[PDB]
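Next up: the same protein chain in two forms, each one alone, written as structure tokens (structure 1, then structure 2).
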Structure 1
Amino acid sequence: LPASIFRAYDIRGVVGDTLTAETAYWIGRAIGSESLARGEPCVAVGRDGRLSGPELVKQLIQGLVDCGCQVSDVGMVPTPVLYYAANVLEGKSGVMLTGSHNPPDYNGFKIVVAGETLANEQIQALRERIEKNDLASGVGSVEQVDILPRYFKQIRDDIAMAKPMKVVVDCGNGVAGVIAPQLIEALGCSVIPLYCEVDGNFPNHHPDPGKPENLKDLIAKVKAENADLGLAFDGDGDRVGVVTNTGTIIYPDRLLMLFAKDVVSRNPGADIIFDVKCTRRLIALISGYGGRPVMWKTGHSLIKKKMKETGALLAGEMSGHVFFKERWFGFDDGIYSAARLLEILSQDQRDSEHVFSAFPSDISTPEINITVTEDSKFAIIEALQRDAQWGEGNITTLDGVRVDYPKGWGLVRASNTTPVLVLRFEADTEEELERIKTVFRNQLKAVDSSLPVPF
């Protein structure tokens, strides 16, 4: 099996090339062995709407079964529904077969074992099992479980929408279409569907609400239909994008301001987690309502782990993953976050544009990417951490180098998956922005004078 598919927070590969049926079997075998090693024979299995889902999922299950695991096969479901299954069924283990928002031929695995979402060394240990044949052998079983209706009723039952809302819902032909439009309607909305047919060819836009270009159709439809809100789901439904009645894109850090106000209102002192790419206004806002803001590393597995360690009731990150523990289970779920958002907005007489525009806003630069090399990317950050001078900065080095000034901040970090440096800058003044930008440019140039700093 190829080492490259075993990533930091999941397994991901190309089904024609790096991810075969055979590989999927041995991955099931490694996962099952590890679940049993943690005392858990019971494993949920779900898949997204990808074309390779059927061929791959059978191998995954057989691998689990050949360990002696009791598999609950919940069929084609959003990623959060699989996480849900691994919280309400007998077992605390679950595997989601998904390629998230990637092109049609990508697929992969997101893995929970006895409550814990695997990351870093834990994933590499699965591969290690296959290389060493450190694998359990047994006569397992498969049970089919229909979990969607239960998930549906769980959310519907706990959400209390006041006013009615007209909502455009864009699933990008990903697996969220099996539930998000129907659930949102049931909450008390009129749903204008966009690309809600599940189709793993992805013949319209890619199901990635993080890129503005995949929100163009949503925005136009929200305006043309005079809708109250637009929602966009990623391919597997663990991320959601949001646009106001006027077409303004609301980024997750701003979404978290609304959610944190709400969660903290009922839970004084609640820990709230966000990543190093989030606006410094979120920190102040959380603290001002009496919450405990916790800045953490980028990721999904990392934020999820940090939530468990801190007792946090809410987390989010800039890629659109939002994690509710309050009234929920603590995993990322775009569909439930959408429900929670609709609940709050339905209780405000103002339109969604005004609800969000009321919060303070800094001047933000669009995220910046600098292509370096795979050999240098971590070394550049290490060099900044060693040599860089940032003045009275409030320096954070959890994930690259973030520096918080009184009126703004800057971040530089190495992409885990690509040979790229990622930067963000935000300030209250356009003067401040160009000053923080100036400092970072200088410090990168002091590491390598030949580095292409495009700001």
Structure 2
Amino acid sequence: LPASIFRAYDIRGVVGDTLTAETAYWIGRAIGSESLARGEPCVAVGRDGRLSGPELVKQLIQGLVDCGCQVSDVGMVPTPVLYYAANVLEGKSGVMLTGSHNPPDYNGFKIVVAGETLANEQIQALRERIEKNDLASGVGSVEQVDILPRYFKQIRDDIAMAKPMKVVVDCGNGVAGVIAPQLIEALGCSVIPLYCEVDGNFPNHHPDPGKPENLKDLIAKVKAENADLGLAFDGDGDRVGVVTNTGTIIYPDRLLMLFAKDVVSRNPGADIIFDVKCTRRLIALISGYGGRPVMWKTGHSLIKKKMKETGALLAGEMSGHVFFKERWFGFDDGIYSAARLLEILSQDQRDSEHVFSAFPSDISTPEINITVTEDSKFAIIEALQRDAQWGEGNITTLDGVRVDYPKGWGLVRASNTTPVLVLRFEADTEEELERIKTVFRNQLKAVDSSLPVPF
């Protein structure tokens, strides 16, 4: 199998090219072998709404079966519903077949074994098992499990909206259309659906709410229908994007402000995790409410590991993955996060625009990407960590280099999903933003004078 599909956070490839039916089978063999090595014969399996779903999921399941695993096949579900299965069934392993927000031909695997979401060396260990033929052999079994009604009821029964809201819901023709509009209505909303038919051709915008262009239709519909809120889901439903009643995009780090206030209010001293891409304002806000802010690495599986290590009650990252442990299970879930948001907003007499605008804001950049090479990106970061000078500031090298200054911050790190450097900048003023950008421009040039500095 090609090494490139074994990534830091998950497995991801292109069907017909780097990901085939046979590769899915052997990946299932590897996962079932690791699950058995951890004392867990029971493995839940789910798939999203992609065209290659049926082909690859059958092979994934047979690979698990051929280890001697007992598979619980939950069919086509959102990613968090597969994570839910792996938390509420007797078995604590699960595999989701998904390509997330990528174009139609992409697919992949998000993997939980004996309660732990695999990352980094553990994902490589699967590749290595297949190369070594270090694989279990047995006569397993498959049972059908219809889990979505239990998930739906679990959420509905714990959410208490204080008044009705009208909400536009954009599923981007991804799998969130199997539940999100239905569940949000059941909470006590009117729902205007946009692209809520599941269609793996993604004939409208790709289900990727991190790009403003994929929210254009949502924003227009919110305005036209005088809705209270707009929500957009990514293809597999583990990410959510939010738009206010006036069309303002609320990025996930400011959504986390509202959620952190909520969670900490009932849980004094609670740890709250955010990634290195998130606003410094969220850090002061968590501390102010008496929570413990914990900055960590970008990446869903890395965040989940950190939540286990710290006992954090809430985590989020700038990509829109939000992870509730309080009243929940600790995994990322756009659908559940949407419900928690509606709960909070419904208890406020103000519109969603004013709830969010009340929080301090700074000037920030759209995420910047510089294309380098896959085989150099980590070395550029290592060179910065060894060589760079940042002036006076609080330097964090847990994921790339982030420097927090009195009036702003900057970040450079390697993407683990693409061959690029990722940068973000934020400051109280344009003048400071430009000062920080100049520091980073010059430090990149000091490592390699030839690097593009397109910011």
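Whichever C-alpha set is largest while still superposing within 1.5 Å between the two forms counts as the rigid core. Numbering runs along the sequence of structure 1, starting at 1.
Residue showing a CA shift of 2 Å or more between structures 1 and 2 (rigid core superposed; candidates 143, 374, 185, 116): 374.
With the core held fixed, residue 418 shows a CA shift of 2 Å or greater between structures 1 and 2. For residue 444, the Cα shift between structures 1 and 2 is 2.1 Å when the rigid core is held fixed in the overlay. We note a C-alpha movement of 1.9 Å at residue 431 between structures 1 and 2, with the rigid core held in register.
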